[PDB]
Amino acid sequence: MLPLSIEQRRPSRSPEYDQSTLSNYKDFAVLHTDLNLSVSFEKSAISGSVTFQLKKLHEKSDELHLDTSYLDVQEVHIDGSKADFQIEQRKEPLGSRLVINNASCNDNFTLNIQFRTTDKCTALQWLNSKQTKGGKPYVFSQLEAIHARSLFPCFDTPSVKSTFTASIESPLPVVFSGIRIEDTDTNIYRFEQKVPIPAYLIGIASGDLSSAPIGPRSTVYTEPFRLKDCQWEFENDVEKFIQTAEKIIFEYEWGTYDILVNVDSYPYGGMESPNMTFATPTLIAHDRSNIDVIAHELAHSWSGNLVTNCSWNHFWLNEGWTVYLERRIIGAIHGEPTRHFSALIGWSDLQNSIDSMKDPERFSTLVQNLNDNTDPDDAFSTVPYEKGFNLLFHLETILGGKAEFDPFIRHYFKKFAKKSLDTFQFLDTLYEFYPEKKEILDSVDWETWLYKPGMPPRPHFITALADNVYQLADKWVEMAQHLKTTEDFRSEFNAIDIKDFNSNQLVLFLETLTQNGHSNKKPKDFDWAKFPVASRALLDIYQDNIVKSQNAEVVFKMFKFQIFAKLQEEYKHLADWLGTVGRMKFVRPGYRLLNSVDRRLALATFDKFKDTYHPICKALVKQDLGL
């Protein structure tokens, strides 16, 4: 009932089969999973057992195949009886297939595997005591996309979702992607995940953590020194966000919405493990300006967590729907011009991602096509997010806007609640929900959106907030050249200029500057180093909103404008600041900025702070400096 030749591409069975799994999930039903784990900070390993409640499905060849990757499976036990297993030879990138003899049991059986993580585990990130400001060891898992198979043996595919129950022992406190149960100290933390989740959403963190309320159904976890700060950051908006998102879709389904603010050495940008959102400390600005980042993880509570991409071929249904709903939450809070601006910055992110991404012709396509050979990680770029946002936004516009599309959002998420789906399954629900709207629904070029690489059709977004940034930014470039005095500059420019700018406008503003403005009529090879008064006059007049900002996002862009402006005095300040942040995205280009202008400082800086970043952060920064 939908357009050829999209139908031509329609898999034979939906949800589409997951090539990234070596497991045979199509043969089993996972009724419930249980993790009994023990954290050893000293061995850098998690050891224990996983217990599945499985039901045999009959609808040809039969066996029990599980995913593992560099994992020590010690014993298996079916219904309490030893069961015969063997581990195949490792196949990049999908790992070793754990084959277990299931012949003996009945339809519904209890599967218990005992295992140890390996030195080669790719599921757990370990930080020593030099790597956290608190001074205690820390560990967190990062499981997306197929790393769960490295934490425990399982059907490592987004199409298999199972309730969870978890007992984790640790010398240090433990948080989990679940709700903690009452216990009755043996250092054993116990949690329940009452909603079915995929294993990539399984999240564990253990370290020196305390907690504080940030809402009626929200608590924040983080290092104690940072505890009251983090609480202040989240406590004003977190419940409001949840309610904004509940109005756009429907009641939040997970009970509590908690946030773990990870250690400073945390190199990533966040994770949406259900019941415990992993957040970056660079979210803590002390003014609540870099806070809308929470709407995204929160949004995942519906799209991705509640309704899952069945495979990493259909990841856009995870992340695209989430950027959409995310921008809808902020749009509801800050006004339509803001979501359009969010959207417009997103369009910018997409093009740099497409211009640059390797094999921009295979991976830039909205619906991916990983067979059993492509690492699912190649499917993760800005495409799913932005081009997926743009397709959902396009669908919104043509259907008569938010009030016409909003009913489709509630049917979709209500229809696939607790299940997985593919692209094709989404479209049918789309076509099925608008009988009347069938004629323009059909006007959509699904083939270019879903299956062509490169930039999708460009949408018309309100450019208001971006115009102001570009205008103000262009003006500085033009004025850099006519005005020769700090007092001259102080009279054409005022703190009111960037007053009503939000965090994202400052970042674009400061970024537009280093691109010598944002206009066709841009001075060619205009350089900010040649105008020492203009550059310094900018950070001077805008000291309160730019220079005095503790928003790491705004702080980095400032350092960039200062490295571009070749303001030699500030380098020590960029050097010092690289000692305060561990986020790969600040630390890395941050060490690149410092090295170009002042090689000797970068090297000294890196020498003093090398062993304080996440080991991966250090390797990559050490690479750029040529060590």
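When you see a residue number, it is the position in the sequence shown, counting from 1.
The entry models residue 184 and residue 185 with a gap of 1 to 3 deposited residues left without coordinates. The stretch of deposited sequence separating residue 569 from residue 570 contains no residues lacking coordinates in this entry. When the mean C-alpha temperature factors of 28-36 and 561-569 are read from the deposited coordinates, 561-569 comes out higher.
Per-stretch averaging of Cα B factors for 247-255 and 266-274 places 247-255 on top. Each of 547, 421, 430, 510 has a CA temperature factor in the record; the biggest one is found at 430.
Highest CA B-factor among the listed residues (336, 404, 386, 156): 404. Per the deposited record, the Cα B-factor of residue 459 falls in the highest third when ranked against the other modelled residues of its chain. Sorting the modelled residues of the chain by their CA temperature factor places residue 580 in the middle third. Ranked by C-alpha B-factor against the other modelled residues of its chain, residue 14 falls in the highest third. Residue 617: CA B factor lies in the highest third for its chain, per the PDB record. Residue 505: CA B factor lies in the lowest third for its chain, per the PDB record.
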